[PDB]
């Protein structure tokens, strides 16, 4: 392919690896405790540090793989930030903002996680961790995207597209609102309001399906917030399908967003129905990661378009 130094494809490999590790750090948190002394332990059995005799269980692998990914992340992120900064910035000026964003948020989530060991009873603060971890991942994801695009003459995704004002409203607006919905979700978790409402879409058989207790209000607020996001994405997708059919990145970008929002909602309903089976929990952290990634991709398009035009 390219007669340049073979070490370059190693920067692409590092990008893929780190993006993957950062995704693991994020969605893996759906399987282990993030607060208290049992932090790092499978959520279903907070005791994994100390007393137990047995070893090599499938739940022990999860706990080892998460702590491993979290430790190795500092090494990987710093290396990717530096190397890509040194090599990719000449072509993409955005490279530096991303490298920096990657480092800052990796540290922010590590800082918040450290504090969660002892201040995990503050749900309002604890509910900030996911969104931070999410941006840590999205920063590395987009940086990796630029690393690949830097090595192509006909770029696949990072193309200078014409983004109209309305589409820009939807893109940026949905990006920001999705982050808010992400907070309400994290707030349900850390506030233990996950199973307050056995039914869907409404709360329960009693009180006409309306919340009448703390945990039911948190649960319901999350679902309500999610519904609005869902509807907005449908409106945004329809505008893309109608007015951006000639700009396939935007056309398909939103279709995939539509699909991720659907899978997010479905896995959310399944968390409830299954009474928080971690497999659905894991799915619920993963699809929002995909959707947010696409929204951050869109933000890069706008950032570049606003610089160009």
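Numbering follows the first chain given and starts at 1.
Participant: So, looking at the entry's B-factor column for Cα atoms, which has the higher mean, 84-92 or 185-193?
Facilitator: That would be 84-92.
Participant: Between 30-38 and 46-54, which has the higher average C-alpha B-factor in the PDB entry?
Facilitator: Comparing averages over the C-alpha atoms only gives 46-54.
Participant: Can you tell me which of 277, 59, 263, 250 has the maximum CA B-factor listed in the PDB entry?
Facilitator: Each of 277, 59, 263, 250 was compared by C-alpha B-factor; the highest is 59.
Participant: In terms of CA temperature factor as recorded, identify the highest of 176, 100, 157, 117.
Facilitator: That would be 117, according to the entry.
Participant: Can you tell me which third, lowest, middle or highest, the CA B-factor of residue 10 falls into for its chain?
Facilitator: Within its chain, residue 10 is a highest-third residue by C-alpha B-factor, going by the deposited values.
Participant: With respect to C-alpha B-factor, does residue 133 fall in the lowest, middle or highest third of the chain as deposited?
Facilitator: For residue 133, whose C-alpha B-factor we compare with every modelled residue in the chain, the answer is the lowest third.
Participant: Where does the C-alpha B-factor of residue 109 rank in its chain, lowest, middle or highest third?
Facilitator: Its C-alpha B-factor belongs to the middle third of this chain's values.
Participant: Could you look up the Cα B-factor of residue 273 in the entry and say which third of the chain it sits in: lowest, middle or highest?
Facilitator: Ranked within chain, residue 273 CA B lands in the middle tercile.
Participant: Is residue 206 in the lowest, middle or highest third of its chain when residues are ranked by C-alpha B-factor?
Facilitator: Highest third - that is where residue 206 ends up once the chain's C-alpha B-factors are sorted.
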